[PDB]
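Structure, as C-alpha cells:
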Amino acid sequence: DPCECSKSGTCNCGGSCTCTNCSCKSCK
Ligand SMILES: [Cd+2]
Ligand SMILES: [Cd+2]
Ligand SMILES: [Cd+2]
C-alpha cells in the first residue's frame with residue numbers, strides 16, 4: 001500500500017508528518 005501522499009495524489013506533509021511509510025523531502 002502506497003503512502004496517502006502518492007495514493008491520494010496531493011501530498012499534505014506541510015508542517016508535521018503523520019502518514020506512514022512516507023518518502024517526501026518536505027518531511028524526511
Ligand atoms: Cd508527503
Ligand atoms: Cd511525510
Ligand atoms: Cd505520506
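For the C-alpha cells, the naming scheme is as follows: chains receive sequential letters (A, B, ...) according to their order of presentation, residues are indexed from 1 within each chain, and ligands are indexed from 1 in presentation order.
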Long-range neighbours of residue A:6 as a PDB file with N, CA and C atoms, in the first residue's frame, 10 Å cut-off, only C-alpha atoms, 5 positions minimum in chain:
ATOM      1  N   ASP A   1       0.841  -1.185   0.000  1.00  0.00           N
ATOM      2  CA  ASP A   1       0.000   0.000   0.000  1.00  0.00           C
ATOM      3  C   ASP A   1       0.885   1.248   0.000  1.00  0.00           C
ATOM      4  N   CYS A  11       0.113  15.373  -1.874  1.00  0.00           N
ATOM      5  CA  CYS A  11       0.825  15.266  -0.612  1.00  0.00           C
ATOM      6  C   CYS A  11       0.337  16.384   0.311  1.00  0.00           C
ATOM      7  N   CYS A  22       6.301   7.090   4.544  1.00  0.00           N
ATOM      8  CA  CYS A  22       6.394   8.285   3.730  1.00  0.00           C
ATOM      9  C   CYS A  22       7.747   8.326   3.037  1.00  0.00           C
ATOM     10  N   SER A  23       7.953   9.322   2.190  1.00  0.00           N
ATOM     11  CA  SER A  23       9.211   9.452   1.476  1.00  0.00           C
ATOM     12  C   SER A  23       9.270  10.801   0.757  1.00  0.00           C
ATOM     13  N   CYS A  24       8.889  11.840   1.484  1.00  0.00           N
ATOM     14  CA  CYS A  24       8.892  13.183   0.930  1.00  0.00           C
ATOM     15  C   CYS A  24      10.064  13.951   1.543  1.00  0.00           C
TER      16      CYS A  24
END
Can you check which residues of chain A DSSP gives as helix (DSSP H, G or I) on the backbone and send them as a PyMOL selection string? chain A and resi 4-8
Neighbourhood of ligand 2 at 7 Å, counting only C-alpha atoms and all ligand atoms, reported as a VMD selection string: chain A and resid 13 17 to 19 22 to 24 26 to 28
Residues of the last selection are to be written out with N, CA, C and O atoms, as a JSON list (two decimals), in the first residue's frame.
[["chain", "number", "residue", "atom", "x", "y", "z"],
["A", 13, "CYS", "N", 2.19, 17.07, 3.61],
["A", 13, "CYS", "CA", 3.17, 16.98, 4.67],
["A", 13, "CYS", "C", 3.69, 18.37, 5.00],
["A", 13, "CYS", "O", 4.88, 18.52, 5.27],
["A", 17, "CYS", "N", 4.59, 15.42, 9.88],
["A", 17, "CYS", "CA", 4.29, 14.18, 9.19],
["A", 17, "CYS", "C", 3.45, 13.30, 10.12],
["A", 17, "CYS", "O", 3.72, 13.23, 11.32],
["A", 18, "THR", "N", 2.46, 12.65, 9.53],
["A", 18, "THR", "CA", 1.59, 11.77, 10.29],
["A", 18, "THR", "C", 1.42, 10.43, 9.57],
["A", 18, "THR", "O", 1.43, 9.37, 10.20],
["A", 19, "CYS", "N", 1.26, 10.52, 8.26],
["A", 19, "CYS", "CA", 1.08, 9.33, 7.45],
["A", 19, "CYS", "C", 2.24, 8.37, 7.74],
["A", 19, "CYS", "O", 3.23, 8.76, 8.37],
["A", 22, "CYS", "N", 6.30, 7.09, 4.54],
["A", 22, "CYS", "CA", 6.39, 8.28, 3.73],
["A", 22, "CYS", "C", 7.75, 8.33, 3.04],
["A", 22, "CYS", "O", 8.57, 7.45, 3.29],
["A", 23, "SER", "N", 7.95, 9.32, 2.19],
["A", 23, "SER", "CA", 9.21, 9.45, 1.48],
["A", 23, "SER", "C", 9.27, 10.80, 0.76],
["A", 23, "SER", "O", 9.65, 10.87, -0.41],
["A", 24, "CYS", "N", 8.89, 11.84, 1.48],
["A", 24, "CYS", "CA", 8.89, 13.18, 0.93],
["A", 24, "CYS", "C", 10.06, 13.95, 1.54],
["A", 24, "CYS", "O", 10.46, 13.69, 2.68],
["A", 26, "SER", "N", 9.86, 17.00, 2.06],
["A", 26, "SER", "CA", 9.22, 18.08, 2.79],
["A", 26, "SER", "C", 8.94, 17.63, 4.23],
["A", 26, "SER", "O", 8.30, 18.36, 4.99],
["A", 27, "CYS", "N", 9.43, 16.45, 4.56],
["A", 27, "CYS", "CA", 9.24, 15.90, 5.89],
["A", 27, "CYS", "C", 10.50, 15.12, 6.28],
["A", 27, "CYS", "O", 11.03, 15.30, 7.37],
["A", 28, "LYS", "N", 10.94, 14.28, 5.35],
["A", 28, "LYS", "CA", 12.13, 13.47, 5.59],
["A", 28, "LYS", "C", 13.37, 14.31, 5.28],
["A", 28, "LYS", "O", 14.24, 13.88, 4.51]]
Can you pull out the residues contacting residue A:21? Cut-off 10 Å, using only C-alpha atoms, and skip same-chain residues under 5 positions away; I want them as a ChimeraX atom specification. /A:1-5
Can I get the selected residues back with C-alpha atoms, as a compact mmCIF listing (two decimals), in the first residue's frame?
# COMPACT_ATOMS: atom_id res chain seq x y z
CA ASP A 1 0.00 0.00 0.00
CA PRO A 2 1.36 3.39 -1.09
CA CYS A 3 1.52 6.45 1.13
CA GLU A 4 -1.54 8.67 1.26
CA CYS A 5 0.76 11.14 -0.49
